[PDB]
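Heads up, the thing below is written out as structure tokens.
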Amino acid sequence: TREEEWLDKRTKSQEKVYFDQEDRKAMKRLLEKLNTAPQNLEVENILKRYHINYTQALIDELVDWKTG
Amino acid sequence: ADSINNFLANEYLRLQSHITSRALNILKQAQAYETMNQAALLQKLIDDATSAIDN
Amino acid sequence: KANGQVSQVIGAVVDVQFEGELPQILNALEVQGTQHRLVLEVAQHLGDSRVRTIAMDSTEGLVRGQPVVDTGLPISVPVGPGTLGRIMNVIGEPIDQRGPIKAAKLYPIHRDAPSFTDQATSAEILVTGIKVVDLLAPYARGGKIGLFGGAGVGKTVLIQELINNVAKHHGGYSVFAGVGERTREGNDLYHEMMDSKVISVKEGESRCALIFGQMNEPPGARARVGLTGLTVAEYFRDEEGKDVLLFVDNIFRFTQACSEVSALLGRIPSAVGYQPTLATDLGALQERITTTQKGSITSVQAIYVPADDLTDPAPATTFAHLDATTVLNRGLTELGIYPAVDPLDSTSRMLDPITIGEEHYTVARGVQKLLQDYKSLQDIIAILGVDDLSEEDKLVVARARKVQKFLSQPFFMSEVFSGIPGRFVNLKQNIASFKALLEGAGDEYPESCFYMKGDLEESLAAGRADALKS
Amino acid sequence: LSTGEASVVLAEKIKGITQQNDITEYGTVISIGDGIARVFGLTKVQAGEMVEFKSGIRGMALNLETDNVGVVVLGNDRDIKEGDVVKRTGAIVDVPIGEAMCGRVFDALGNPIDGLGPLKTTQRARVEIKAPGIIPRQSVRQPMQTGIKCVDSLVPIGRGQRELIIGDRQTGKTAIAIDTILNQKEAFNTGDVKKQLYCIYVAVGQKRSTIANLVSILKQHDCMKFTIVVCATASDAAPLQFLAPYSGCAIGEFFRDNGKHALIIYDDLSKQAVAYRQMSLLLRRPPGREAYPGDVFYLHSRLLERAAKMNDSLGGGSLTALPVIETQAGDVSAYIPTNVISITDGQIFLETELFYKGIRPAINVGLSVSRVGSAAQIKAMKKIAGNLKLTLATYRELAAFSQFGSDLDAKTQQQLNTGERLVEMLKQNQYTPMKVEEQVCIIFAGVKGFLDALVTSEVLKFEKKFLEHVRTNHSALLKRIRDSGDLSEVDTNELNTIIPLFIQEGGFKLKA
Amino acid sequence: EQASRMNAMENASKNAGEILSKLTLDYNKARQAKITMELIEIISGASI
Ligand SMILES: Nc1ncnc2c1ncn2[C@@H]1O[C@H](COP(=O)(O)OP(=O)(O)OP(=O)(O)O)[C@@H](O)[C@H]1O
Ligand SMILES: Nc1ncnc2c1ncn2[C@@H]1O[C@H](COP(=O)(O)OP(=O)(O)O)[C@@H](O)[C@H]1O
Ligand SMILES: [Mg+2]
Ligand SMILES: [Mg+2]
């Protein structure tokens with residue numbers, strides 16, 4: 001004879017099921033929201049010392065090469 | 001051919017373990033009886049002492 | 001020269017027959033001829049030069065007529081920095097096997113509480129690193145703190161966390177008095193403080209004192225070993241105006257030990273079998289643990305709730321003496337939330353809009369009202385469910401669970417059990433994190449991320465990480 | 001050693017026998033009733049000292065009063081009469097200890113009741129001795145395998161802790177103890193002294209017919225060679241039931257102080273409190289709440305606090321205690337159960353509902369807890385034990401929604417089914433202990449979700465067939481899990497691939 | 001549906017009230033036994 005436990009389990013059970021589906025929607029909504037200078041100077045100074053022609057495209061690639 | 005070779009191979013070890021295990025158990029089992037005979041002999045000595053007291 | 005002599009020995013109660021100059025009550029008597037030092041505390045004068053005392057050690061081996069020496073003063077224990085970082089016995093003997101204890105002098109364990117005119121009460125927030133505590137039940141430096149918990153609820157581990165967070169980096173000294181608890185926990189704490197460098201063998205270090213009255217000790221010793229630890233804190237308080245951190249283990253064992261012998265002492269049992277002097281006996285200890293003009297003592301004492309029955313006389317009387325209260329609930333542990341601090345039952349004398357900032361007080365009540373409303377909805381939700389509720393009620397239940405789950409904080413002492421490294425939360429980040437949730441900052445993200453997190457930012461980053469993972 | 005050499009040493013030993021007698025004070029009994037004897041005179045007598053009556057039965061002087069002395073009869077008090085003689089022995093109560101204790105059945109005092117022969121022992125230790133300090137102890141870091149899946153996985157027991165087997169009558173309290181003794185038998189046969197665990201069974205207030213059946217089971221499985229049974233039946237006087245727990249505890253301290261490991265099992269302590277209450281009430285002492293003495297808490301605390309894990313400096317020995325408590329109607333709020341729970345480390349709650357619903361061992365994992373936690377479990381166990389608890393936690397919640405019904409999400413159906421496999425998996429029959437490595441394999445398959453395929457009623461039989469299949473074909477895998485005690489990645493891949501494969505090979509009910 | 005639901009709640013609420021009243025009687029009976037048990041303990045201790 002324990003009715004308090006019955007109500008307690010029913011509370012946690014339905015809440016978990018209800019919020020379990022809400023978690024899916026929350027993950028999808030936040031997931032959909034997530035889906036949508038100094039290094040340039042360092043390389044440029046090096047190219048200056050060798051007095052070689054430098055272009056922003058080359059510097060951008062070298063900068064991207066450093067991060068890669 | 002590889003399943004037969006591995007079968008006889010592992011089966012050969014199992015037989016080897018069977019013999020050595022048998023040869024070891026028979027030895028330990030005999031030692032157990034040997035200790036029992038020794039205890040029985042000495043137990044008689046204690047039994048003789050107790051009977052002497054009664055007399 | 002021994003004046004008294006053993007006349008009656010029953011259990012832990014021992015009577016001494018004196019010829020003349022009876023010793024005052026509470027005096028310490030030394031029995032001669034015992035394999036171990038036995039001390040007897042005078043408690044009652046029965047007349048005819050008879051005195052009834054309680055034995056601190058096992059009475060087995062005693063003999064009627066054994067000479068007893070009168071010291072003329074109550075049980076005196078060594079005080080001073082020599083006790084820092086060393087385990088001591090109820091009678092002052094070192095049980096750590098590190099040698100004798102050096103003390104500049106010996107003070108008695110019995111003294112009158114400080115007067116009211118020189119009380120010098122003060123309120124100062126104590127950042128313990130626990131967000132649930134620093135928000136709902138703030139602690140006051142120099143005021144009593146109570147940890148009400150049942151059998152196996154997490155109060156022992158919580159004390160260890162407070163030590164790891166509060167005891168260390170403390171200019172003043174600290175005292176740890178463990179009475180009535182199991183001895184296994186004592187060995188663990190000693191090794192823990194040693195590894196954590198809280199205590200060390202090198203002199204001039206180990207700014208922390210340890211006192212143990214574990215179960216292995218017989219009755220009477222567990223009821224007075226608590227006074228031994230207090231005397232150490234009193235020395236560091238009066239002689240030096242330094243803030244002392246007194247970490248008292250479960251104190252219910254003190255009042256319980258008194259009842260274990262109250263029957264043999266002649267007292268009539270109370271409604272629940274306790275001694276009639278429970279209020280006075282407990283009051284004498286609480287009144288002594290207080291801040292004064294000389295120094296201040298921030299006492300962290302735990303109260304064991306037997307059978308989870310808060311109506312017991314022992315804890316019920318303790319609430320009146322405590323400044324900050326921390327009632328542990330067993331329901332939270334079933335859900336996995338730790339620390340299982342009851343937000344509604346837990347209260348703090350510092351929880352006043354005038355004492356603390358109005359924003360801190362506002363966020364505190366906002367969480368309490370939110371949880372209180374959610375608890376009422378449990379009834380209707382059990383039959384109809386959250387779906388049948390209105391949008392207003394749905395949001396209340398949604399945020400209430402997220403806030404309730406967010407209260408869970410993993411600490412360093414819980415790593416072995418959970419496996420997640422501890423974390424420290426500041427008061428500013430604590431108030432800001434919950435204040436943002438109350439406004440609905442985290443209502444969008446799932447409630448799963450608001451579990452065992454330190455700050456709100458940590459929960460959001462974890463939520464985004466799970467998104468890219470799938 | 002030759003027979004002649006041993007006989008000469010035997011004769012020489014009998015020659016060197018000393019016997020000294022000194023003047024021993026004696027007193028007369030003022031009154032005798034209900035086993036309590038009031039003795040006149042007999043001064044200079046120590047508390048708890050042993051005294052002998054005219055018939056020859058012993059006594060313990062507990063109450064030392066200025067007028068008389070209160071003595072308890074350690075046996076049948078029919079022959080005692082007014083004015084009889086009472087001789088003080090001069091030594092506190094003690095019992096024989098040693099290795100010869102294993103394989104016999106003794107009483108509270110330590111006398112063997114098996115009838116085989118006299119006890120050949122020379123070491124006697126005091127029954128009541130101060131427990132170890134704080135330094136001699138050591139952190140518990142060794143697992144005490146009981147052979148039960150739920151226990152070894154959810155409530156791990158480490159050598160040196162104190163676990164409480166609390167439950168109602170006929171709830172499987174003794175079954176748990178028996179399964180543990182049977183499990184340790186294997187480690188005793190193999191030459192692994194680091195895992196041998198001497199078992200001590202203390203019977204307090206139990207019918208002799210039941211104890212007789214208990215001993216036969218041990219001999220049936222050959223597990224009595226390392227078991228010690230202390231018997232304090234109901235007909236036995238209350239002091240015997242009061243000292244039997246401490247008596248058996250002293251026998252355990254022998255192995256503890258000698259760097260060995262011993263397991264002591266205290267039967268229902270409520271029966272001890274009745275005997276201790278009876279012994280105290282008859283002494284005219286003031287009773288406490290529920291008629292029990294005031295220091296009843298100190299009784300069990302002093303007893304259980306001795307069990308500890310000694311440090312390496314003293315030999316590294318350990319003593320594990322498994323006290324039992326019988327509840328009237330599952331009410332743990334009573335006085336005695338509440339105290340024992342606060343003294344022990346962990347407690348195993350037995351539910352009568354779970355028992356009749358087919359959940360045997362009927363263990364309520366929701367309330368059961370252990371201080372040592374995963375610190376005792378092996379590497380291969382901690383990893384799988386962690387996820388097991390979480391999965392079972394969710395299942396207990398969705399139990400109510402099953403009644404609600406009318407819909408079920410895909411995931412909830414899986415979690416609901418998955419949890420059902422674990423509950424059906426943790427079930428175990430009586431007198432059927434399982435090896436630690438075997439449990440890892442079965443428990444592993446459950447958490448991974450492989451058991452969700454076959455029908456629940458077939459999971460129990462799959463356990464037997466699966467383990468047997470592994471023991472024969474995959475023997476090296478079991479050896480690694482045992483020796484190393486860790487579940488390596490190579491074993492994970494191999495185990496993860498054979499578990500689904502085996503289910504498809506054998507003839508089972510695959511429809512979920 | 002609403003008609004049958006209303007009747008169901010009426011019968012359910014009726015049974016809920018009857019059971020609640022029955023337990024109230026047992027609660028009072030248990031209260032008296034509690035006072036008797038504790039009272040005898042206090043008298044037993046005061047006797048000696
Ligand atoms: N796990 C089990 N599986 C199958 N049968 C069981 C199991 N446990 C107990 N039984 C049966 O329950 C009866 C004995 O119960 P058990 O002795 O284990 O509980 P108990 O609490 O120790 O009883 P008591 O208090 O009288 O000593 C026997 O009929 C036994 O077959
Ligand atoms: N917040 C918590 N952190 C870590 N472990 C906990 C926590 N709460 C409970 N435990 C569990 O509680 C049990 C220990 O209880 P404990 O703290 O020792 O109570 P007590 O203070 O009375 O000794 C352990 O089994 C442990 O698994
Ligand atoms: Mg504790
Ligand atoms: Mg039983």
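In the structure tokens, chains take letters A, B, ... by order of appearance, with residues numbered from 1 within each chain and ligands from 1 in the order shown.
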
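With the cut-off set to 7 Å and only C-alpha atoms counted, chain E residues close to chain C are residues 38, 42, 45 and 46 of chain E.
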
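Pocket residues of ligand 4, taken as those with any atom at most 9 Å away using only C-alpha atoms and all ligand atoms, are residues 169, 170, 171, 172, 173, 174, 175, 177, 206, 267, 268, 324 and 326 of chain D.
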
8 Å contacts from chain A to chain D using only C-alpha atoms, as an MDAnalysis selection string: chainID A and resid 6 9:10 12:14 17

Please, could you write that set of residues out with C-alpha atoms as a short mmCIF file (atom, residue, chain, number, x, y, z; two decimals), in the first residue's frame?
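Wrote result-v1.cif, looks like this:
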```cif
data_model
loop_
_atom_site.label_atom_id
_atom_site.label_comp_id
_atom_site.auth_asym_id
_atom_site.auth_seq_id
_atom_site.Cartn_x
_atom_site.Cartn_y
_atom_site.Cartn_z
CA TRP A 6 2.79 5.70 -7.61
CA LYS A 9 6.81 7.67 -10.46
CA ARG A 10 4.00 8.93 -12.70
CA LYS A 12 8.92 11.66 -13.18
CA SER A 13 7.87 9.21 -15.90
CA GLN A 14 5.59 11.49 -17.91
CA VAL A 17 8.94 11.30 -21.74
#
```

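Taking only C-alpha atoms and all ligand atoms into account, ligand 2 has within 7 Å the residues residues 150, 151, 152, 153, 154, 155, 156, 157, 158, 333, 338, 339, 340, 413, 414, 417 and 418 of chain C; 342, 369, 370, 371, 372 and 373 of chain D.
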
Written file, previous selection with N, CA, C and O atoms, as a compact mmCIF listing (two decimals), in the first residue's frame:
```txt
# COMPACT_ATOMS: atom_id res chain seq x y z
N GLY C 150 20.82 12.65 6.81
CA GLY C 150 20.55 11.32 7.34
C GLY C 150 21.75 10.40 7.19
O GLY C 150 22.90 10.84 7.08
N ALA C 151 21.46 9.11 7.20
CA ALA C 151 22.50 8.08 7.09
C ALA C 151 22.81 7.85 5.61
O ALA C 151 21.96 7.36 4.86
N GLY C 152 24.02 8.21 5.20
CA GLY C 152 24.44 8.00 3.83
C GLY C 152 23.77 8.93 2.84
O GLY C 152 23.17 8.48 1.86
N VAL C 153 23.85 10.24 3.09
CA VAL C 153 23.25 11.24 2.22
C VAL C 153 24.28 12.12 1.53
O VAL C 153 23.92 12.82 0.57
N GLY C 154 25.52 12.11 1.98
CA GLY C 154 26.57 12.91 1.39
C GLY C 154 27.07 14.06 2.25
O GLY C 154 27.70 14.97 1.71
N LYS C 155 26.79 14.04 3.55
CA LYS C 155 27.25 15.12 4.43
C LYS C 155 28.73 14.99 4.76
O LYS C 155 29.41 16.01 4.95
N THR C 156 29.25 13.77 4.83
CA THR C 156 30.68 13.59 5.10
C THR C 156 31.51 14.07 3.92
O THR C 156 32.51 14.77 4.10
N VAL C 157 31.11 13.70 2.70
CA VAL C 157 31.83 14.16 1.52
C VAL C 157 31.74 15.67 1.39
O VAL C 157 32.68 16.33 0.92
N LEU C 158 30.61 16.25 1.79
CA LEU C 158 30.45 17.70 1.70
C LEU C 158 31.42 18.42 2.63
O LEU C 158 32.00 19.44 2.26
N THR C 333 19.18 12.98 -4.08
CA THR C 333 20.17 11.95 -4.37
C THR C 333 19.60 10.89 -5.31
O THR C 333 20.30 10.40 -6.20
N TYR C 338 23.75 16.39 -7.04
CA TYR C 338 24.67 16.50 -5.92
C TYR C 338 25.37 17.85 -6.01
O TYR C 338 25.82 18.24 -7.10
N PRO C 339 25.50 18.58 -4.89
CA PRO C 339 25.08 18.21 -3.54
C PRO C 339 23.57 18.26 -3.35
O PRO C 339 22.90 19.16 -3.88
N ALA C 340 23.03 17.30 -2.59
CA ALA C 340 21.59 17.19 -2.37
C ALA C 340 21.13 18.18 -1.30
O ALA C 340 20.62 17.80 -0.24
N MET C 413 36.10 16.08 -4.31
CA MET C 413 35.93 14.91 -3.44
C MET C 413 35.01 13.87 -4.06
O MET C 413 34.99 12.72 -3.59
N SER C 414 34.23 14.23 -5.08
CA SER C 414 33.31 13.31 -5.73
C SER C 414 33.88 12.73 -7.02
O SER C 414 33.16 12.00 -7.72
N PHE C 417 33.94 8.90 -7.15
CA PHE C 417 32.62 8.29 -7.31
C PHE C 417 32.07 8.53 -8.71
O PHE C 417 31.60 7.59 -9.37
N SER C 418 32.11 9.77 -9.18
CA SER C 418 31.55 10.12 -10.48
C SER C 418 32.57 9.99 -11.61
O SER C 418 32.25 9.47 -12.68
N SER D 342 23.81 3.58 10.25
CA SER D 342 24.75 4.68 10.44
C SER D 342 26.15 4.19 10.79
O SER D 342 27.12 4.93 10.60
N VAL D 369 23.85 1.33 -1.36
CA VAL D 369 24.97 2.21 -1.65
C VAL D 369 26.18 1.70 -0.89
O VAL D 369 26.05 0.99 0.11
N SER D 370 27.37 2.05 -1.37
CA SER D 370 28.63 1.63 -0.76
C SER D 370 29.61 2.79 -0.77
O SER D 370 29.76 3.47 -1.79
N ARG D 371 30.27 3.01 0.37
CA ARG D 371 31.24 4.10 0.45
C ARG D 371 32.42 3.85 -0.48
O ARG D 371 32.87 4.77 -1.18
N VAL D 372 32.94 2.62 -0.51
CA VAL D 372 34.10 2.33 -1.34
C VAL D 372 33.79 2.60 -2.80
O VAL D 372 34.64 3.09 -3.55
N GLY D 373 32.57 2.28 -3.23
CA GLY D 373 32.19 2.54 -4.61
C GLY D 373 33.05 1.77 -5.58
O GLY D 373 33.42 0.61 -5.35
```

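Of the listed residues (D:239, D:449, D:286, D:316), D:286 comes nearest to chain E; the distances count only C-alpha atoms.
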